[PDB]
Every structure is written in C-alpha cells, then in structure tokens.
file protein00.cif (mmCIF, C-alpha atoms)
data_model
loop_
_atom_site.label_atom_id
_atom_site.label_comp_id
_atom_site.auth_asym_id
_atom_site.auth_seq_id
_atom_site.Cartn_x
_atom_site.Cartn_y
_atom_site.Cartn_z
CA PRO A 9 0.00 0.00 0.00
CA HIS A 10 0.97 3.72 -0.02
CA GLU A 11 1.14 5.86 3.16
CA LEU A 12 0.80 9.66 2.75
CA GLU A 13 4.15 11.29 3.68
CA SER A 14 4.13 13.43 6.81
CA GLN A 15 5.96 16.73 6.35
CA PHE A 16 6.44 19.28 9.11
CA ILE A 17 8.48 22.46 9.52
CA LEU A 18 11.59 22.62 11.74
CA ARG A 19 12.43 26.02 13.24
CA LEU A 20 15.91 26.40 14.72
CA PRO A 21 17.74 29.16 16.57
CA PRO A 22 19.30 31.55 14.04
CA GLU A 23 22.98 30.61 14.43
CA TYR A 24 22.09 26.91 14.46
CA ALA A 25 19.78 27.55 11.51
CA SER A 26 22.71 29.06 9.61
CA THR A 27 24.94 26.05 10.32
CA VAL A 28 22.17 23.61 9.33
CA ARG A 29 21.47 25.64 6.16
CA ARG A 30 25.14 25.64 5.15
CA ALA A 31 25.35 21.89 5.76
CA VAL A 32 22.15 21.23 3.77
CA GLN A 33 23.26 23.32 0.79
CA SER A 34 26.66 21.61 0.90
CA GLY A 35 25.01 18.24 0.39
CA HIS A 36 27.43 15.71 1.97
CA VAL A 37 26.24 12.91 4.34
CA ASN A 38 28.35 14.70 7.02
CA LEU A 39 25.10 16.61 7.79
CA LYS A 40 23.36 13.26 8.53
CA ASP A 41 25.69 12.62 11.54
CA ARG A 42 25.51 16.32 12.62
CA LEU A 43 21.71 16.71 12.67
CA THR A 44 19.53 14.30 14.67
CA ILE A 45 15.94 14.48 15.96
CA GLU A 46 14.66 12.65 19.07
CA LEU A 47 10.88 12.84 19.66
CA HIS A 48 9.78 12.07 23.21
CA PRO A 49 6.80 9.80 24.04
CA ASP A 50 4.86 12.88 25.16
CA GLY A 51 4.44 13.54 21.45
CA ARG A 52 4.88 17.30 21.88
CA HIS A 53 8.47 17.42 23.15
CA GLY A 54 11.82 16.68 21.61
CA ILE A 55 15.51 17.31 21.23
CA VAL A 56 17.03 18.49 17.99
CA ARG A 57 20.79 17.93 18.17
CA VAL A 58 22.78 20.26 15.84
CA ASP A 59 26.51 19.28 15.73
CA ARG A 60 25.81 17.07 18.82
CA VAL A 61 24.54 20.16 20.75
CA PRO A 62 21.09 19.41 22.32
CA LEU A 63 18.24 21.96 21.78
CA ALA A 64 14.81 21.75 23.44
CA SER A 65 11.89 21.29 21.09
CA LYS A 66 8.13 21.52 21.09
CA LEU A 67 5.84 20.26 18.35
CA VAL A 68 3.17 22.93 17.96
CA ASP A 69 0.01 23.25 15.88
CA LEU A 70 -0.07 25.94 13.27
CA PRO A 71 -3.14 28.19 12.88
CA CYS A 72 -3.34 28.09 9.08
CA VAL A 73 -2.96 25.08 6.79
CA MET A 74 0.03 24.89 4.48
CA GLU A 75 0.39 22.60 1.48
CA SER A 76 3.59 21.51 -0.26
CA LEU A 77 3.32 21.86 -4.02
CA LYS A 78 5.87 20.28 -6.34
CA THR A 79 6.44 21.12 -9.98
CA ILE A 80 8.47 20.04 -12.98
CA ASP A 81 7.86 22.99 -15.34
CA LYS A 82 6.97 25.80 -12.85
CA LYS A 83 3.56 26.23 -14.49
CA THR A 84 1.51 23.33 -13.08
CA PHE A 85 1.86 22.47 -9.39
CA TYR A 86 0.86 19.19 -7.75
CA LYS A 87 -0.08 19.06 -4.08
CA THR A 88 2.15 16.63 -2.20
CA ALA A 89 1.24 17.00 1.49
CA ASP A 90 -0.50 19.11 4.12
CA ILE A 91 1.63 20.80 6.78
CA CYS A 92 0.08 21.77 10.09
CA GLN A 93 2.87 21.23 12.62
CA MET A 94 6.16 22.84 13.51
CA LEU A 95 9.02 21.56 15.72
CA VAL A 96 10.19 24.94 17.15
CA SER A 97 13.54 24.53 18.96
CA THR A 98 15.49 26.77 21.42
CA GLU A 127 -2.70 21.88 25.10
CA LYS A 128 -2.70 25.73 24.96
CA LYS A 129 1.15 25.74 24.98
CA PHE A 130 1.24 23.38 21.93
CA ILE A 131 -0.90 25.81 19.86
CA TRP A 132 1.03 28.47 17.83
CA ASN A 133 -0.87 31.76 17.39
CA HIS A 134 1.20 33.23 14.55
CA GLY A 135 1.56 32.04 10.98
CA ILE A 136 4.84 31.40 9.16
CA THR A 137 4.69 34.31 6.72
CA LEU A 138 5.17 37.92 7.74
CA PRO A 139 1.59 39.14 6.94
CA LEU A 140 0.15 36.36 9.08
CA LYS A 141 1.04 37.36 12.63
CA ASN A 142 -1.50 37.09 15.47
CA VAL A 143 -3.72 35.37 12.80
CA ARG A 144 -5.51 33.18 15.36
CA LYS A 145 -6.36 36.25 17.52
CA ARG A 146 -7.14 38.83 14.76
CA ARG A 147 -7.58 37.34 11.23
CA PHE A 148 -9.58 34.28 12.40
CA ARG A 149 -13.41 34.45 12.73
CA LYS A 150 -14.41 32.72 16.00
CA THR A 151 -17.77 30.87 16.31
CA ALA A 152 -18.67 29.15 19.63
CA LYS A 153 -21.80 27.78 21.39
CA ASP A 161 -11.95 17.95 25.09
CA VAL A 162 -15.38 19.21 26.34
CA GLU A 163 -17.11 16.36 24.42
CA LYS A 164 -14.69 13.82 26.02
CA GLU A 165 -15.45 15.29 29.50
CA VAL A 166 -19.23 14.95 28.78
CA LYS A 167 -18.66 11.29 27.72
CA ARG A 168 -16.74 10.64 30.99
CA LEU A 169 -19.64 12.23 32.97
CA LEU A 170 -22.17 10.00 31.12
CA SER A 171 -20.01 6.91 31.92
CA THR A 172 -19.93 7.92 35.64
CA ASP A 173 -23.77 8.35 35.58
CA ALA A 174 -24.09 4.84 34.04
CA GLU A 175 -21.77 3.24 36.67
CA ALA A 176 -23.93 4.91 39.36
CA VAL A 177 -27.35 4.00 40.84
CA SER A 178 -29.24 7.29 41.52
CA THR A 179 -28.58 10.64 39.72
CA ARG A 180 -29.96 14.02 40.99
CA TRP A 181 -29.66 17.17 38.79
CA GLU A 182 -30.67 20.86 39.12
CA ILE A 183 -29.66 23.93 37.00
CA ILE A 184 -28.39 26.16 39.78
CA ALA A 185 -27.94 29.81 40.77
CA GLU A 186 -25.17 31.65 42.65
CA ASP A 187 -23.90 29.42 45.47
CA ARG B 1052 -35.09 56.33 -4.78
CA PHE B 1053 -32.71 54.28 -6.98
CA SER B 1054 -33.37 50.52 -6.90
CA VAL B 1055 -30.96 49.70 -9.82
CA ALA B 1056 -27.68 51.57 -10.59
CA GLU B 1057 -27.27 52.77 -6.98
CA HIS B 1058 -27.29 49.25 -5.46
CA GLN B 1059 -25.21 47.77 -8.26
CA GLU B 1060 -22.49 50.51 -8.13
CA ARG B 1061 -22.39 50.48 -4.34
CA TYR B 1062 -21.79 46.71 -4.34
CA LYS B 1063 -19.14 47.09 -7.07
CA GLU B 1064 -17.18 49.79 -5.23
CA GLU B 1065 -17.29 47.92 -1.93
CA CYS B 1066 -15.94 44.90 -3.85
CA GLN B 1067 -13.01 46.90 -5.30
CA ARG B 1068 -12.25 48.43 -1.95
CA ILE B 1069 -12.13 45.04 -0.14
CA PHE B 1070 -10.11 43.43 -2.92
CA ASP B 1071 -7.53 46.29 -2.71
CA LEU B 1072 -7.35 46.23 1.14
CA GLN B 1073 -6.75 42.45 1.14
CA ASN B 1074 -4.06 42.69 -1.52
CA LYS B 1075 -2.18 45.31 0.44
CA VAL B 1076 -2.40 43.67 3.86
CA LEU B 1077 -1.40 40.26 2.54
CA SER B 1078 1.58 41.42 0.46
CA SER B 1079 2.88 43.58 3.40
CA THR B 1080 6.47 42.59 4.36
CA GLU B 1081 6.11 44.93 7.39
CA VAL B 1082 6.90 43.12 10.70
CA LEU B 1083 3.81 42.85 12.98
CA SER B 1084 4.42 43.08 16.78
CA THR B 1085 3.39 40.01 18.85
CA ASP B 1086 0.29 41.04 20.88
CA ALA B 1160 -28.27 33.16 28.97
CA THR B 1161 -29.68 31.99 32.31
CA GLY B 1162 -26.37 32.46 34.19
CA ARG B 1163 -26.96 28.97 35.65
CA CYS B 1164 -24.30 26.28 36.42
CA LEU B 1165 -25.02 22.49 36.44
CA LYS B 1166 -24.64 20.26 39.57
CA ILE B 1167 -24.93 16.41 39.48
CA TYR B 1168 -25.40 14.04 42.48
CA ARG B 1169 -24.08 10.47 41.92
CA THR B 1170 -24.86 7.41 44.13
CA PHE B 1171 -22.41 4.43 43.98
CA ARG B 1172 -21.54 1.30 46.04
CA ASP B 1173 -17.93 0.95 47.37
CA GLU B 1174 -16.08 -2.42 47.84
CA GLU B 1175 -17.44 -4.54 50.77
CA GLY B 1176 -20.54 -2.53 51.80
CA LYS B 1177 -20.90 1.28 51.40
CA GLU B 1178 -23.29 3.81 49.74
CA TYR B 1179 -21.29 7.06 49.19
CA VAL B 1180 -22.94 9.94 47.21
CA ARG B 1181 -20.84 12.35 45.05
CA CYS B 1182 -22.13 15.90 44.31
CA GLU B 1183 -20.20 17.35 41.31
CA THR B 1184 -20.74 20.92 39.99
CA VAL B 1185 -20.02 21.77 36.30
CA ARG B 1186 -19.31 25.54 35.85
CA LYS B 1187 -18.32 25.12 32.16
CA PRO B 1188 -21.36 26.22 30.10
CA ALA B 1189 -20.00 24.23 27.15
CA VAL B 1190 -19.96 20.97 29.14
CA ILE B 1191 -23.43 21.91 30.39
CA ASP B 1192 -24.99 22.21 26.91
CA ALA B 1193 -23.63 18.88 25.65
CA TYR B 1194 -24.51 17.07 28.87
CA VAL B 1195 -28.13 18.25 29.10
CA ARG B 1196 -28.78 17.70 25.35
CA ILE B 1197 -28.13 13.95 25.78
CA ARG B 1198 -30.50 13.63 28.79
CA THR B 1199 -33.26 15.58 26.96
CA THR B 1200 -32.64 13.23 24.02
CA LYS B 1201 -32.49 10.10 26.20
CA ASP B 1202 -35.61 11.37 27.97
CA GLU B 1203 -37.35 11.36 24.57
CA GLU B 1204 -35.50 8.21 23.48
CA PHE B 1205 -37.85 6.14 25.63
CA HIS B 1216 -30.10 -1.47 22.18
CA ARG B 1217 -28.15 -4.72 22.85
CA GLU B 1218 -31.12 -5.97 24.93
CA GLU B 1219 -33.50 -5.14 22.03
CA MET B 1220 -31.18 -7.02 19.58
CA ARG B 1221 -31.26 -10.05 21.92
CA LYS B 1222 -35.09 -9.77 22.01
CA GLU B 1223 -35.14 -9.70 18.17
CA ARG B 1224 -32.91 -12.83 18.12
CA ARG B 1225 -35.35 -14.58 20.51
CA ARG B 1226 -38.25 -13.52 18.23
CA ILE B 1227 -36.45 -14.95 15.16
CA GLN B 1228 -35.79 -18.24 17.03
CA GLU B 1229 -39.48 -18.50 17.99
CA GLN B 1230 -40.60 -17.72 14.41
CA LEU B 1231 -38.20 -20.37 12.98
CA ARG B 1232 -39.47 -22.99 15.48
CA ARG B 1233 -43.06 -22.13 14.49
CA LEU B 1234 -42.10 -22.50 10.77
CA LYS B 1235 -40.49 -25.92 11.49
CA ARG B 1236 -43.69 -26.98 13.34
CA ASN B 1237 -45.68 -25.83 10.25
CA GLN B 1238 -43.37 -27.95 8.02
CA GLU B 1239 -43.94 -30.98 10.32
CA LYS B 1240 -47.74 -30.41 10.15
CA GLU B 1241 -47.57 -30.25 6.31
CA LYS B 1242 -45.47 -33.46 6.02
#
call {"tool": "encode", "arguments": {"input": "protein00.cif", "output": "structure tokens"}}
result
Amino acid sequence: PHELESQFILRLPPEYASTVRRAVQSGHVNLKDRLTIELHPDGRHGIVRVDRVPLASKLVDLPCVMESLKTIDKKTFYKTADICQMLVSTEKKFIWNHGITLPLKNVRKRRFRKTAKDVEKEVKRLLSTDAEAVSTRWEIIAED
Amino acid sequence: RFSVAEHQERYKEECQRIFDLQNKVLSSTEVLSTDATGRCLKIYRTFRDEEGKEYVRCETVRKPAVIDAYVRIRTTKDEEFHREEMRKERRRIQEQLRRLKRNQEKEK
C-alpha cells in the first residue's frame, strides 16, 4: 500500500539555523551525523541535536494550513502533502498563534473568525460515571 | 429612490475596496508586533464501594460548554424512551423459525 508522507516544519535558533542551512546546501552525508531528531513519548516534546549540541523542542500546531506543491515545469503544481505542525527549537502551549509568513502574525487572535456555542470527552466521561452509578440528581443552579 | 444603478455601483465599489485592502495587507512585508440563564449544572451520583458502602458524590459543572452537551443527551435520552433489544429480536427470530419448522412438520 501507499502511506501519505508526513511533512512538518523545523524552526531552529538563528545561528544553528545558519549552520544547518550551510550543511544542507553543501550536500554531503556529514550533515546526517551532525543533525539528529529525538521525539519524546509525550508527542509534543523533543531534542534536535545540531553538531551534537542538544536543543529543546516543542511540536506545535499551526493556525493556518500549508500545502507543499511540487512542480516540474513551474507552471503546473501538484499538491504533495498538508503541513500543520512545527518543531520549534530553542494543550494551549502546543498551539502556535502566529503564521509562518510575515503578513500572518496574530492570525488566530485577529484574522480568524471565532464561532462558539476535550469538552465532548469530559461529557462522555460524565455519562459513563452516571451509568456506573445507581441514583442521579440534577438541578440547573444559581449563585452558590 | 434608486433601486438599480445605486445598489449595483455600491456593491461594485465595496468589492473593489475590499479586494484592494486584502491585496495590500497580505503582500505587506512589514513586521507585525506580537500582541443566557447564568446557571451552572450540579450532578449528584450514588455508587456502592467495595465490601458494603453507599457514598454519594455531588459534582458541579461551571463550564457552560460541558453543560450544553450534557443536558442535550439527557433531553434526548428522555425522549429516546439497544443490545437488549437485539437479543429480544434474536429470541423472536428463534421463535418464528421454530413455528415454521412446526408448520413444516404439520404439512409433512
């Protein structure tokens, strides 16, 4: 079978980003030894090791949706993957408010329309507790 | 009292203005600085502990989002009056098949 590839964006500190960029544009396999990525079983924490120097990482959710688009002639572009996550290196904490481009900053707060009426999972847990019970008493309340 | 060119031109100009504001804001390379009832829900739960006990838990939900989803199920389950029903249907099918076999025996 075929499994859709999973692309994400890696953001590094600027000096380490310059060393990683120089090693990528060089093209040797020396970069392979220099750059490693260890993702912790939390799922939202990691180490990126640049030149064997550990950096602390967080995998965050991006507010917009990006899409990688490949081309052969630079006139027709084929969508290859959807990017929604970034492993910035240096829950509410795992949500990034800004977008990658310069015009998109504070997009989640300002350029996103918010419509409102985790919570569903809590309601399911409450229903399960009511089922495991015997007698349930309920009242919409006031200030108390 | 225009009902024709006025509405059409007004819509057209608002369209050009929005198109031109969006183009400018998006292509900007300027850096942007980082920046009804008022009623809660309370539930009382009765359970039996190991050995013999009958403790009662009173839990208050102050999240109006949890409230809405919780209540909507009860109101639905209150009007909803199933594995047990499926078992009953299986029993009904068994009885019907036995009756059919009895009918076959009567015919033969």
call {"tool": "resolve_selection", "arguments": {"input": "protein00.cif", "expression": "the PyMOL selection byres ((chain A) within 6 of (chain B))", "output": "PyMOL selection string"}}
result
chain A and resi 138-139+162+166+176-181+183-185
call {"tool": "resolve_selection", "arguments": {"input": "protein00.cif", "expression": "the PyMOL selection byres ((chain A and resi 41-52) around 9)", "output": "PyMOL selection string"}}
result
chain A and resi 28+31+37-40+53-60+65-68+95+130
call {"tool": "atom_distance", "arguments": {"input": "protein00.cif", "atom1": "CA of residue 164 (chain A)", "atom2": "CA of residue 72 (chain A)"}}
result
24.9 Å
call {"tool": "closest_residue", "arguments": {"input": "protein00.cif", "among": "A:171, A:93, A:14, A:88", "to": "residue 70 (chain A)", "atoms": "all atoms listed in the file"}}
result
A:93
call {"tool": "atom_distance", "arguments": {"input": "protein00.cif", "atom1": "CA of residue 135 (chain A)", "atom2": "CA of residue 73 (chain A)"}}
result
9.3 Å
call {"tool": "residues_around", "arguments": {"input": "protein00.cif", "residues": "region 144-146 of chain A", "least_positions_apart": "4", "cutoff": "8 Å", "atoms": "all atoms listed in the file", "output": "PyMOL selection string"}}
result
chain A and resi 71+133-134
call {"tool": "atom_distance", "arguments": {"input": "protein00.cif", "atom1": "CA of residue 62 (chain A)", "atom2": "CA of residue 131 (chain A)"}}
result
23.0 Å
call {"tool": "resolve_selection", "arguments": {"input": "protein00.cif", "expression": "the PyMOL selection byres ((chain A and resi 13) around 12)", "output": "list in words"}}
result
residues 10, 11, 12, 14, 15, 16, 76, 87, 88, 89, 90 and 91 of chain A
call {"tool": "axis_aligned_box", "arguments": {"input": "protein00.cif", "around": "region 48-60 of chain A", "padding_each_side": "6 Å", "output": "AutoDock Vina command-line options"}}
result
--center_x 15.5 --center_y 15.0 --center_z 20.4 --size_x 34.1 --size_y 22.5 --size_z 21.4
